[PDB]
Amino acid sequence: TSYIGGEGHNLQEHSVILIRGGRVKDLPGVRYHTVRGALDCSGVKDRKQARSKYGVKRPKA
Amino acid sequence: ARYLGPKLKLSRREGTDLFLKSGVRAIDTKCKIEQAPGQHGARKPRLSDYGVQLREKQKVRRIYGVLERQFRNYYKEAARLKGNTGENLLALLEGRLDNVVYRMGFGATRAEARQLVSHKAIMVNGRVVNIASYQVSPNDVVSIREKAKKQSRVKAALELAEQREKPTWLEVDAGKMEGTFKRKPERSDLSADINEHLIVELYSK
Amino acid sequence: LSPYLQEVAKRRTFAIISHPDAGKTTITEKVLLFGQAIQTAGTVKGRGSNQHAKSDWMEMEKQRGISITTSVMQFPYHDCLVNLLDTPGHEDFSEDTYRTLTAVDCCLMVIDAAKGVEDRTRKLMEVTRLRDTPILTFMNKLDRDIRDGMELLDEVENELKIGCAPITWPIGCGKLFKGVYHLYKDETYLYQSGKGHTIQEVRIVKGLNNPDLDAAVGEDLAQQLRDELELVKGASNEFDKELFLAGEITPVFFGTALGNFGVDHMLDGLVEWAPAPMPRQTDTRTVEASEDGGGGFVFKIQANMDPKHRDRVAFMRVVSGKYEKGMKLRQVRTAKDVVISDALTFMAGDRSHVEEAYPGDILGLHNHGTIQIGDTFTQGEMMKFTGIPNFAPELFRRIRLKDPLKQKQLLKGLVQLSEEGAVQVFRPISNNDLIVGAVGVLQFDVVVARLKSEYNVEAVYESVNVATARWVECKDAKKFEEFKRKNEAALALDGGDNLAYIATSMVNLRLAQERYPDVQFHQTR
Amino acid sequence: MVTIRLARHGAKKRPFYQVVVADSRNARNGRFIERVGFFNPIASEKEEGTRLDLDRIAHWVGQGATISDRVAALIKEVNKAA
RNA sequence: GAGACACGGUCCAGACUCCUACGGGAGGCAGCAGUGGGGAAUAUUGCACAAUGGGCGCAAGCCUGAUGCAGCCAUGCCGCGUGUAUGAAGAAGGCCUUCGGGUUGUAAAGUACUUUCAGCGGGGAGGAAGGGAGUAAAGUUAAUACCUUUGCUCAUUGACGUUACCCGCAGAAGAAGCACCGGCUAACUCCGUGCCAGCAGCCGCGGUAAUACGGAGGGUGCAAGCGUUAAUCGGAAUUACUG
RNA sequence: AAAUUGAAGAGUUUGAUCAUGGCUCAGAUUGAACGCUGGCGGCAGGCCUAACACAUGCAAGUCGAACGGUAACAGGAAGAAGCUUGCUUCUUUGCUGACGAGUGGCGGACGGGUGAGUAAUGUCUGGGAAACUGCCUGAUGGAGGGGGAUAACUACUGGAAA
C-alpha cells in the first residue's frame, strides 16, 4: 500500500505509478509514498510552494 | 556562483559593516545597520550557540564573497596544513588574488576587485591571471595591465584606500599601480573582531 | 553560370497521385526506361515481360496491385536530373500524400481514362489549389476501350474546377490508339507489344494534315479529329506557361503504360514546362532555394522496416544548399548539431553514385527515432519550416488496455506512431483515458497491426465514444481561462502540449464556435 | 620477449609516458617488471622532462631486453645532451 | 601448438534463429557501436592508426572498435559568469499596521565604468619522435662494391582541428533557481479551511482567532545546482578488544 | 626538516527528577534514480538488473627477402597492323613493379569483455622442489647427400547451397 500525497488526485484503477519509500507514522501498514509527476500521476494543481516535491512545472509570468 | 542580491542586507543581518561598499559615504546614511533586515527586524531573538557559530561563519563568508563549497575546501586545506587552524584558514582566505587587489586599493570594493580580476586586467609576475581565487605566494609583485591602467575607478579607489589603514604585509606604488605581497598576513595584522575559533569548531562536529 | 547554380536549375521535383489500379507503378517503370536508366521495362504481374515495375519494389503488385509504400526515384534526363515521388493514395491514408504534396514543387495526377476522375482526385486537387501547386493530368490505359475525348475532357474539368488544357489529343480509341500534339506533329505506335519492352521507336511525323497518315488510319477518324480539334480550340483555352505556373490550367497528356507509348511525350513536355524549385517559406523569413547553406525539412518518416532492429529512415527535402558526407547539420527543434554520417540517396540507374546531394533531392537519413516529422536541419540559422498539413483526425476510438501492465511499452509505441503522421493520440485533462484517432479506418487497422507486430501489446480498443478535434488558440489573456473552466471536460491535451476542444457533435462544435469568438478554433495545427 | 617501453599515464590531451620494463604480451598501462624512468613530452624549461636509469636499462639489455624506437631515440637524446 | 581442453578454432548432444529444390546446411555481441526485452536507471550503428603498444615483414609498409580523440548525460569533482561604483523623492506596487508608519529597499529607475563567459573576425604553439631520398666518415672483406653505425642537406608526416592560447569589434545585453522558517534546526507575520482538505524524519499540529495545512509578503540556507528516496559508517559506550 | 593535527550532541517514557533503554535527527559518501530549474569550460564516470535473445557494419592478420605461380592492374621486349613515322589499337613472354587464390612460417593462448560458477582446484602473505618455456640474449659447435608426395592448376563429375 502507498500513500497519495498532495491535495486531490486523478488516480483510478490500472494506473502506473512510481512508489519511492518513506512511511507515514500515523497509518498502520502504509510504508511508501507515490511520487507525483511520473508516467500518469499528475501534479497537485494550484501549488506555489514546495512544488518540486509534487511535480508541477514553473508558472510562467 | 556569485551572490547577486542586495549587499547592505548582509551587513544589516551581521550587525556590523562588512565593507561591501566603497566607504566614501557614511554607512548609517544608507541603511539601518543596527537592525536586522525584513519585516520582523526590530525584534532581537535570543540566538542559540549553533546560531552564533553559523552567524560568524556566514559573516566571514559574506565578507570575502566565498561560497560554501569553496570555503569548506579552504577549511580542509587549513586543517591539513601545519599549525594553528584558524590562522591558516585566515591566511588562505587572505591569499586570494581579488582580496589582495582590494587590500592594495586597486578596487574600491571586493566585488569590484573580483570583476577587475575576472575581466583580464590584473597580471601576477607579468603573466595575465584571470582566476579570482588565485592564491598568491610571498615575494610576488602584482600590477594592472597597460591597457586598463587609465581607468578612472582604479585611481578613484586608490584615493579611497588612504582613508583606511595600510596593510603592513604589502608594498604598493600608486603611480605605477603595482604592489608586492611579501608575506602571508599574521593574525595580529587582521581585524580582531573575527572569532575564527567558532568556525573551526562549527565545521569539526 | 557557376556549376552549383546550373545544377539547382537543372533539378526538378514531380510527384504522381493516382486512383487504385491506374498503372502508376508501370508508368514509373516506363519513365525510367525513357530516362535511359534501365534498358528494358517490365509490366506489373509479368504479363508481357519477365521484369517487374521499379516503383513496386516489394510484392504489392501480386498482393493487391497498388503501391502501399512511398517510393522516391531520381532519374536523369537530357542535361537535367528529375526527382520522382510515388505516394499511395487512399481515403484511409491521404494525410501522408498531403505531406508529400507540400514538399514536392510540382505534381502530376494519373487517372485511367475509362475509370475516370471520380473519387479521391478532387481532394488531392484541392490540397494542390490551396498551395497553388502546378498540376498535370495524364490519361492511362488507352489500349482498353476509351470514351469520347470531348466528354472525358469536360467531365475531368468539371470535377477539378480548374481549366483543363489537352497537350495531346487522341485520334484513336480502343484497339487502335494514335495521338496529336499542339505543334501539329503526329505520333504513332505501329507495334502494340513489339516495342513495349524496349524503348519505343520515335515515329513522329510533322504536319497535321498528311495524306499517307490519313490513308493509314481511319478516314472517318481523321475527319472527326479535325472537327473535334477546332472545336477544342474554341471551347478550351490554349496552354499558357504563366497560367500553368499559377495552377489555373492543367496540361493533359494521353498515354498507355502497357503499350509504352505517350509516356516519353509526357516526360518531354513535363521537363520543359517544369520550373526550378520555388523558395520555401520559413516562419522567420522566406528562404531562397539558390542561396548557399544547407536547409531542409523532413516530410515523411518510415519505421519498423526490420523486426529485430529498428532503423528509422527519414525522407527530407533539402531545399537549399548541397549536402556533404559527414557534415554537421543543426537541428533547429533540438538546437543541436547532428553529424549526418549516413544519408541514403536513390541513384536508380547505371551510375557509380555520389555522396554529395544537390538541392531539391530527397534524402533518407538513418536514425533511431532521433529525427522527427517536420524537423528542420539548417547549417546554422535558427529557422523553423512552415506548411506541414497536420490535419485533424476523426472517428476516434479509446484504448481499453485490458492487461494493466505493458502500459509503458504501449506509451512508447503510441508516441512513436504519433511522431510519425499515421495516428494522433489525445488525452483528456479531466480523466486518465487514452483516445487514439486517425483520418481513416484502415489507417487505424494498419496502426493496430504494426503495434501488434513489433510493440506486441493486446491493444484492446473500440470502446464507444463520440469526438471531433479542434485545436484552440486564444491570443487574448483572461478569456482563454474562462473558456477552459467552461468546457474543461471537452478539452483534451494533444501531443506537443497543444490544447484541443473535443466536440461530441458537429452542431456542438458550431455552438462552441459561435460562443467565445475571441478564441480561435483551428482545424489544422 | 622482455621489452622496455612507454606507459601512457596521464590526463586527457596532456600525456606523460612512464618508461617501464614490461613483458611485451601485457597491456600498455598494465603489468611491468620494473619502472626505469619517465618522459614528459610537453614539459617547459628549467625542469627535467626526461630521466632514465641508464644503469638498470643497460642491465636489462645485457639480460636480453630489446628496445623500442622511441626508447632508442630518448637514450640517444639523453646521451647526446649529457 | 612453447603456451588452450581455445569469445570471433574443431567434433557431438540440447534449446533458439535463418537458407532449402525437404535430401541437407549455417550461427552464437558477457569485443566496439548498436535493436527488442527487463529495470528507477546508464551513451554514438562517429574519426584516425597522427602519438603509445601488439602481430607479420630485412625494411618501406599492412592490420589493430587495443589506444588517442570526438558526440550525448549537471552523473561526480573543480573554476568562472549571470554585472561594478554611485544613487532617498527612502519613488510606484505588494505585505503588515498601534493608521503615526514599518518593510521589500541601494533593491529598482537614473548617472558613469568594464566585456570575463557565450557571439563574430584575425593570428597561432605543442602533442612529431621518427621514417624516405642524396652525401661524408668509420667497421667488414679481394673490393673505394653491398650491408650496418654516426654526422650533415633536402622535401615531408595531426583524427582531434574552426586545438589550447593571444588580439580586436558591438553592447549590461544572451544567462537564477531549489529547499526550508513550532522544537530538534538558522530563519515570522497576514489571509482562506475548521481533526475536513492536508503536513510529518521524531515529538507532534489542524476539531471557526494555526509562527506546524494551502496562498501572499518577509526571512534563512545552498547555488548551476537544490530537495526527496535507496545504501554504508558515524553519532550508537545501542555486541563495549580499545569501550 | 616534514610524512600528520585527534574525539560536540539534541528531541522523545514522568505532574516533575535521576538512571537504564529503544526510536529519530544534525555529518560525510555513491557507477546512483526521481521532482523542479538550467549559462560556459576542465578532469573523471556511464547496464549495478535478464551470464535474456541478437539483424547490420567493423573487432587478426602479415610475409614474393620461404614456394610453385599469374586472377587483376602497369611498364618493358618480340612484334603486327589506322601507321600522326612514335608508338595511340591488338597477340604472346612473370622479364620487371607488384599481387587474387593455394602450399608454408609466425600470430589467432596477446590485446579487449563479463563475475555466471567457485567458501577453496580460487585469491592475499611467505617459503620451497620434482619442472617446461616460441620470440629476446651469452658461450660452444654443426649446417653433407638423397627420396616420395601433395595442394594451387588441368579434364570429367555429385549437390540448391555449404
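Chain identifiers are assigned alphabetically (A, B, ...) following the order of the sequence lines, protein sequences preceding nucleic acid strands; residue numbering begins at 1 within each chain. Side-chain atoms are counted along with the backbone in the values below, which use heavy atoms only and exclude waters and symmetry mates.
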Across chain C and chain A, what donor-acceptor pairs are shorter than 3.5 angstrom?
residue	atom	partner	partner atom	Å
C:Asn432	OD1	A:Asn10	ND2	2.5
C:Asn432	ND2	A:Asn10	O	2.5

[X], [atom1]: over 12 other non-hydrogen atoms inside 6.0 angstrom:
X	atom1	result
C:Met382	CE	yes
C:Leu405	CG	no
C:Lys486	NZ	yes
A:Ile19	CD1	yes
C:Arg510	CZ	no

| said: Taking side chain to side chain donor-acceptor pair (under 3.5 Å) as the definition, give me every residue that meets it alongside C:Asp92, ordered by chain and number, with sequence neighbours left out. | reply: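 C:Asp92 satisfies side chain to side chain donor-acceptor pair (under 3.5 Å) with C:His90 once adjacent residues are dropped.
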